[PDB]
Amino acid sequence: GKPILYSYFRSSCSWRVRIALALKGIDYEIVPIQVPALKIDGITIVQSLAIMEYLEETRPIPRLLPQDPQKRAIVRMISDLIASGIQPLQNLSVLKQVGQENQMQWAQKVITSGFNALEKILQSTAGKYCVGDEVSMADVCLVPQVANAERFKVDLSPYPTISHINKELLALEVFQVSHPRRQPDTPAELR
Amino acid sequence: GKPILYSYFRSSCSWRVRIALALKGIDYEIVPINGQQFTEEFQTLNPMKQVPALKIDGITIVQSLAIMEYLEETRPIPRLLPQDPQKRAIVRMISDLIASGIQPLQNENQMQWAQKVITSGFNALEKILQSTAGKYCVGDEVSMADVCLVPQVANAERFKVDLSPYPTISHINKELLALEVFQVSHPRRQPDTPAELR
């Protein structure tokens with residue numbers, strides 16, 4: 004009857020989809036545990073980018089992607105930079121399969137390298153959010169990545185644009201109700 | 004003036020964009036990659057010295073997925089994405105599985130790692146294609162999934178991955194490699210291919 008997100012409280016990819024579901028006003032059921061997976065309109069969709077593009081097309085407002093194709097490409101660039109460039113190079117597969125202390129070093133080089141790139145891009149693109157003054161898919165991707173950075177003790181002081189946009193976004197209900205610390209599978213001593 | 008693609012002959016990401024450019028009949032100029045005129049342009053909206061990068065319609069787009077969506081929208085035919093939203097999700101799933109899942113995890126026994134990554138993904142992707150594939154990844158029309166599949170399958174052969182356990186991937190792969198748009202864009206037919214790959 005109602006959509007099902009297979010989710011994990013610590014998965015940045017799952018949070019993206021929870022922000023996008025909340026943003027589109029879609030009520031869903033959470034089954035905690058490949059995640060995210062989303063059962064919707066009688067089909068199953070893996071991969072948060074794919075999920076979010078489906079949501080954008082079937083539930084247009086609010087827009088994750090602006091109307092001007094050129095603007096859409098910048099929002100997609102940033103999003104994919106996060107989802108294809110930073111995040112996979114610090115997936116749980118990679119981390120536990122290379123020590124329990126090296127995992128943090130490698131994670132920090134990856135996140136800093138991407139944030140060095142992304143912060144420079146945002147000097148051109150950002151208004152109040154990643155691309156101009158309207159929330160986009162880029163913002164949905166950013167916040168969960170910035171939360172990873174905090175988790176691996178990345179200092180955000182060299183990334184003042186990323187940090188400002190991040191705090192603008194975390195002030196919105198759709199980024200709070202979907203928070204890793206407000207989930208069914210959230211450990212009681214992390215709230 | 005024509006679009007400019009900054010490319011690398013071995014980058015599977017660059018190949019994706021060459022396939023899509025060729026598919027949509029778009030003529031472009033290739034600037035292959037490792043003065044400050046060319047370095048400034050390369051690195052505008054690309055502080056990471058990344059390929060592919062595409063200069064088109066007066067702007068710069070990095071990230072192959074972003075570039076192909078832009079192409080899809082501005083030059084609709086031939087379709088990289090079908091019209092049915094649910095079919096578009098399946099095409100995007102496969103593409104993203106490759107572009108976000110398999111490929112990023114592999115830019125001594127770095128061979129043991131490449132192979133584990135590629136096999137694990139193809140285990141997943143072969144199973145999905147049992148449901149979706151006709152003559153191509155999703156039904157009988159070439160799509161974004163196919164554009165992503167060929168350059169990943171070429172990586173798999175480079176890292177000596179045996180394709181015997183993946184007959185659907187291997188069939189679709191050879192269907193695609195028979196098409197002009199995947200041949201003219203091939204890593205071996207590029208300006209920066211070193212002659213020792215020919």
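Chains A and B, in that order, are what the protein sequence lines are.
According to the deposited numbering, the stretch in the first sequence is residues 4 to 36, 58 to 215, in order.
According to the deposited numbering, the stretch in the second sequence is residues 4 to 37, 43 to 115, 125 to 215, in order.
No residue lacks a Cβ here, since even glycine has one placed at the ideal position from N, Cα and C.
- Message: Can you tell me whether A/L116 is buried or exposed? The criterion is at least 16 other CB atoms within 10 Å of its CB, across all chains shown.
- Response: It counts as exposed.
- Minimum C-alpha distance to A/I85 - residue among A/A23, A/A171, A/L196: It is A/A23.
- Query: Under 9 Å Cβ-Cβ, which residues of chain A neighbour B/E81?
  - Reply: Neighbours of B/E81 on chain A, chain order: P93, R96, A97.
- Name, please, each residue of chain A whose Cβ falls closer than 8 Å to the Cβ of B/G109. Residues of chain A passing the Cβ test: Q71, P112.
- Inter-residue spacing [alpha-carbon to alpha-carbon] between A/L73 and B/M101: Roughly 8 Å between the two C-alpha positions.
- Message: With three or more beta-carbon pairs closer than 8 Å as the criterion, would you say the region 51-62 of chain B touches the region 196-214 of chain B?
- Response: As far as the Cβ criterion goes, the region 51-62 of chain B does not touch the region 196-214 of chain B, which means the pair count is below three.
- Message: Cutting at 6 Å between CB atoms, please list the residues of its own chain near B/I33, excluding the five before and the five after it.
- Response: Contacts found: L8, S10, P208.
- Are there three or more Cβ pairs, one per stretch, closer than 8 Å when the region 76-90 of chain B is compared with the region 172-185 of chain A? Under the three-pair Cβ rule at 8 Å, the region 76-90 of chain B does not count as touching the region 172-185 of chain A.
- Message: For a cutoff of 7 Å on Cβ pairs, would you count A/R19 as touching chain B?
- Response: Not closer than 7 Å to any Cβ of chain B, the Cβ of A/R19 fails to qualify, so no.
- Message: Please state the DSSP three-state secondary structure of B/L88.
- Response: Look at B/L88 here: in three-state DSSP terms it is coil, with no helix or strand label.
- Does the beta-carbon distance from B/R19 to B/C165 come in below 7 Å? Cβ atoms of B/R19 and B/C165: closer than 7 Å.
- Item | Beta-carbon proximity of residue 39 of chain B to A/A141, cut-off 7 Å | Regarding the residue in question, residue 39 of chain B is not represented: chain B runs 37 and then 43, omitting everything in between.
- Item | B/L105: contacting residues in chain A (beta-carbon distance under 8 Å) | The answer, in chain order, is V70, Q71.
- Message: Just to make sure I have the definition right: I need the residues of chain B whose C-beta is within less than 8 Å of the C-beta of A/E77. Which are they?
- Response: Neighbours of A/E77 on chain B, chain order: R96, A97, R100.
- Task: For chain A, find out if any of its Cβ atoms is closer than 7 Å to the Cβ of B/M128; answer yes or no.
- Result: At least 7 Å separates the CB of B/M128 from every CB of chain A.
- Query: Can a CB atom of chain B be found closer than 7 Å to the CB of A/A74?
  - Reply: Yes, because at least one Cβ of chain B sits closer than 7 Å to the Cβ of A/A74.
- Task: Would you mind giving the Cβ-Cβ distance between A/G138 and A/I110, rounded to the nearest angstrom? I have them listed as a contact below 8 Å.
- Result: At roughly 4 Å, the Cβ-Cβ gap stays under 8 Å, so A/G138 and A/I110 are in contact.
- Does A/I67 get closer than 7 Å to chain B when you measure Cβ to Cβ? Yes, A/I67 counts as interfacial toward chain B.
- Query: Going along chain B, which residues have a C-beta under 7 Å from A/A141?
  - Reply: Within chain B, the residues placing a beta-carbon under 7 Å from that of A/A141 are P55, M56, ordered along the chain.
- Message: Give me the residue from A/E158, A/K152, A/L113, A/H188 with the minimum Cα distance to B/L113.
- Response: Closest option to B/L113, judged by alpha-carbon separation, among A/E158, A/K152, A/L113, A/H188: A/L113.
- Item | 7 Å Cβ cutoff, A/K133 in contact with chain B | Interface with chain B (7 Å Cβ-Cβ cutoff): A/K133 is excluded.
- Query: For A/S14, is the classification buried or exposed, using 16 other Cβ atoms within 10 angstroms of its Cβ as the cut-off for buried?
  - Reply: Only buried fits A/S14, as 16 or more other CB atoms lie within 10 angstroms of its CB.
- Exposed or buried, what is A/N172 when buried is set at 16 or more other beta-carbons lying within 10 Å of its beta-carbon? Buried is the call here.
- Message: Does A/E125 come out as helix, strand or coil in the three-state DSSP assignment?
- Response: Judged by DSSP in its simplified three-state form, A/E125 adopts coil rather than helix or strand.
- residue 39 of chain A: which of A/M128, A/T185, A/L193 sits nearest, CA to CA? Residues lacking coordinates in chain A include everything strictly between 36 and 58, among them residue 39 of chain A.
- Tell me the DSSP bridge mates of B/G156? Under the DSSP definition of a beta bridge, B/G156 partners with B/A150.
- DSSP puts A/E32 in a beta bridge; with which residues? DSSP output for A/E32 lists A/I7 as bridge partner(s).
- For B/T68, the residue or residues it bridges with in DSSP: Beta-bridge pairing links B/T68 to B/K63.
- Message: For A/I64 and B/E125, I'd like the C-alpha separation in whole angstroms.
- Response: About 44 Å.
- What does a CB cutoff of less than 7 Å around B/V134 pick up in its chain, not counting 5 residues either side in sequence? The beta carbon of B/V134 sits closer than 7 Å to the beta carbons of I110, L113, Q114 from its chain, once the five residues preceding and following it are set aside; these are given in chain order.
- Item | Three-state secondary structure assigned by DSSP to A/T210 | Here A/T210 sits in coil by DSSP.
- Query: Which residues in the same chain as B/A131 place their Cβ atom closer than 6 Å to its Cβ, once the five residues preceding and following it in sequence are excluded?
  - Reply: Here the set comprises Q114, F176.
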